[PDB]
Amino acid sequence: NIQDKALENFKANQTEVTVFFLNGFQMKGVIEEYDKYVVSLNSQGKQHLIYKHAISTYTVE
Amino acid sequence: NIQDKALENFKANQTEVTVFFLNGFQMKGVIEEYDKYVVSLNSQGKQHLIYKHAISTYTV
Amino acid sequence: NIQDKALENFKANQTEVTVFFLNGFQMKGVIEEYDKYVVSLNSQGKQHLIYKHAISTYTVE
Amino acid sequence: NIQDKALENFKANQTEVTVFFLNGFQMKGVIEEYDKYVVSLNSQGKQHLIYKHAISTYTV
Amino acid sequence: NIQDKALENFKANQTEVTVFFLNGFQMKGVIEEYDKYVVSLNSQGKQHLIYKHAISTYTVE
Amino acid sequence: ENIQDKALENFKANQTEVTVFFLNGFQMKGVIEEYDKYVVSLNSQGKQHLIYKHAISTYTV
RNA sequence: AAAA
Ligand SMILES: [Zn+2]
Ligand SMILES: [Zn+2]
Ligand SMILES: [Zn+2]
Ligand SMILES: [Zn+2]
Ligand SMILES: [Zn+2]
Ligand SMILES: [Zn+2]
Ligand SMILES: [Zn+2]
Ligand SMILES: [Zn+2]
Ligand SMILES: [Zn+2]
Ligand SMILES: [Zn+2]
Ligand SMILES: [Zn+2]
Ligand SMILES: [Zn+2]
């Protein structure tokens, strides 16, 4: 399972992820927790509850 | 369930939540009610029944 | 079920519901019928048969 | 099942239907057939096979 | 059903079909294979694996 | 019969240079490292991208 | 990221 091992790894290491949204929007932060439908991203120190259906890509480097 | 937990909590505390839509529209309001498919958001007094498929992000 | 209770109500009382679409379009009319997949809105001299997947929000003002 | 009955009506009577698409685009024609996932719309003398997921509204 | 019948005929006849995408883009080509979820389309000299969820319409010419 | 999983495994095994087109018109060239039912991991321009399939229109080779 |  690539999705979970990936999110798990982002979460455990607290890596700075860039999240790209379907509509073109992007946001950088840290994944704090996630389940099947949502991802909780801490960005600019503030919490965001994001639906996976709204997400295109997670990017890191 | 992370989703239900957060919605449960926004509702209990009648907190003013910002809801972003897929299309980039954004609406500010309080969660009154929600189910497996919809969110009820009171904004400027008026109720809005929103489908979850149309929602991008909740923030505060 | 929130959705199903709200639509039953819109329908029973013949309220002038405004429907917003995912792509931001906006339609205003009376809900005459609905099932798991579609809503039927008698708008301005036309019957509109709408898919729920295309709906963003119902409101009334 | 409002959907299937509506479509059966459109097909049986060859009623002029305007199909509106998610992206706002629109097309008028006669429904020649349909199944669970698609609608066969004849428009300007050409067959169109449309996915229901692409459709926002049917208007008559 | 309607779908499988149409795609099978596109495939067996090597019909040049136009694929319209949800975002308006369009591609012209021949259908090499398809399954429940994807359509393989030869177009502009290249191979394409298209998701049905992104397809809006097929038409011939 | 399962075109999608056959193609992805080929892309991964042969390290084919794949262009991923997204529903929102944007596109990304690279190589597939991992995929599963819901996501694809695409190495491109030095970056790891984790892309949701629901956000993908087409793979082009 | 405000449904013009
Ligand atoms: Zn969802
Ligand atoms: Zn409002
Ligand atoms: Zn839905
Ligand atoms: Zn924010
Ligand atoms: Zn109208
Ligand atoms: Zn639908
Ligand atoms: Zn046409
Ligand atoms: Zn579909
Ligand atoms: Zn799909
Ligand atoms: Zn990149
Ligand atoms: Zn998905
Ligand atoms: Zn191409």
Side-chain angles (χ1 to χ4, degrees), chain A residues 16-31 38-59, chain B residues 6 10 15-31 37-45 47-60, chain C residues 3 6 10 16-29 31 39 41 43 48 50-61, chain D residues 20-26 54-57 59, chain E residues 22-24, chain F residues 22-26 51-52 54-55:
Chain A
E16 221 86 350
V17 193
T18 300
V19 176
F20 290 92
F21 294 68
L22 294 189
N23 67 3
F25 181 72
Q26 82 194 64
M27 163 181 290
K28 207 167 324 303
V30 175
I31 293 183
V38 308
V39 161
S40 172
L41 192 78
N42 180 23
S43 176
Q44 278 295 234
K46 202 188 63 162
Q47 164 186 337
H48 301 69
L49 188 58
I50 308 167
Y51 284 114
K52 288 180 178 167
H53 64 239
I55 295 171
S56 272
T57 313
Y58 307 93
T59 312
Chain B
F10 287 153
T15 132
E16 184 215 26
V17 75
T18 301
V19 175
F20 293 85
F21 288 66
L22 287 188
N23 75 339
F25 177 68
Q26 74 183 86
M27 224 198 326
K28 224 174 177 193
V30 22
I31 310 283
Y37 289 142
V38 301
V39 157
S40 190
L41 190 80
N42 183 306
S43 182
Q44 327 303 1
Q47 219 76 344
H48 291 78
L49 203 87
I50 301 165
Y51 279 121
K52 289 170 154 183
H53 66 236
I55 301 184
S56 177
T57 302
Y58 309 101
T59 196
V60 181
Chain C
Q3 165 175 205
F10 283 153
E16 210 106 50
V17 181
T18 295
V19 182
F20 279 98
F21 297 80
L22 284 204
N23 63 276
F25 195 89
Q26 155 176 212
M27 207 167 288
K28 189 233 234 304
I31 295 192
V39 163
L41 192 78
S43 187
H48 315 34
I50 307 162
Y51 283 112
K52 289 182 177 188
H53 64 234
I55 305 203
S56 165
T57 307
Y58 306 95
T59 194
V60 21
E61 309 98 306
Chain D
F20 286 89
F21 288 85
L22 299 173
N23 68 19
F25 178 70
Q26 62 174 108
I55 305 181
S56 76
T57 315
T59 304
Chain E
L22 284 190
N23 57 27
Chain F
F22 298 74
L23 311 162
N24 69 10
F26 175 47
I51 304 157
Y52 283 109
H54 66 231

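Throughout, protein chains are lettered first and strands after them, A, B, ... in sequence-line order, and every chain is numbered starting at 1. Computation of the quantities below employed the complete heavy-atom set of this structure, encompassing side-chain atoms and omitting hydrogens, waters and symmetry-equivalent molecules.
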Handout entry: Atom pair distance, as rounded to whole Å: CZ in C/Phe21 and P in G/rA4
Key = 13 Å

Fill in the blank from the handout: Between CD of B/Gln44 and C1' of G/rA2 the distance, given in whole Å, is 12 Å

Problem - For atom OH of C/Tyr58 and atom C1' of G/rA3, their distance in whole Å - result: 16 Å

Completion exercise
Rounded to whole Å, the OH-P distance (B/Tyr58 to G/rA1) equals 18 Å

Exercise for the section: Calculate the interatomic distance between A/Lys28 atom NZ and G/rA1 atom P; express it in whole Å. Expected result: 14 Å

Handout entry: Set of side chain to side chain donor-acceptor pair (under 3.5 Å) partners for C/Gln26, sequence neighbours left out
Key = none

Exercise for the section: Determine the contact category for C/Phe25: base if any of its heavy atoms lies under 4.0 Å from a base atom, sugar-phosphate if only primed atoms, P, OP1 or OP2 are that close, otherwise nothing. Expected result: nothing

Completion exercise
A/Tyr58 meets the ring pair (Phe, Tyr, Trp, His ring centres under 6.0 Å) criterion, sequence neighbours left out, with F/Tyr52

Handout entry: Distance in Å, D/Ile55 CD1 paired with D/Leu22 CG, rounded so as to fall on 0.5 Å steps
Key = 8.5 Å

Handout entry: Atom-to-atom span, CD of B/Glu16 to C1' of G/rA2 - whole angstrom
Key = 14 Å

Exercise for the section: Report the secondary structure of RNA chain G in dot-bracket form, marking unpaired bases with a dot and bases paired to a different strand with |, and treating Watson-Crick or G-U pairs with both distances under 3.5 Å as paired. Expected result: ....

Fill in the blank from the handout: Here the distance between atom P of G/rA3 and atom CG of D/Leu22, to the nearest Å, is 19 Å

Practice task
Could you list the residues that satisfy side-chain contact (heavy atoms from CB on, under 4.5 Å) with A/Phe21, not counting sequence neighbours?
Solution key: A/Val19, A/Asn23, A/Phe25, A/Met27, A/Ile50, A/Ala54, B/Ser56, B/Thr57

Handout entry: Verify stack between C/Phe20 ring and G/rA3 base, 5.5 Å, 30 degrees
Key = yes

Practice task
Kindly write out the residues that satisfy side chain to side chain donor-acceptor pair (under 3.5 Å) with A/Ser43, not counting sequence neighbours, or none if the list is empty.
Solution key: none

Completion exercise
Rounded to whole Å, the CD-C1' distance (C/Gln26 to G/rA2) equals 14 Å

Problem - For A/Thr18, side chain to side chain donor-acceptor pair (under 3.5 Å) partners two or more places apart - result: A/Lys28

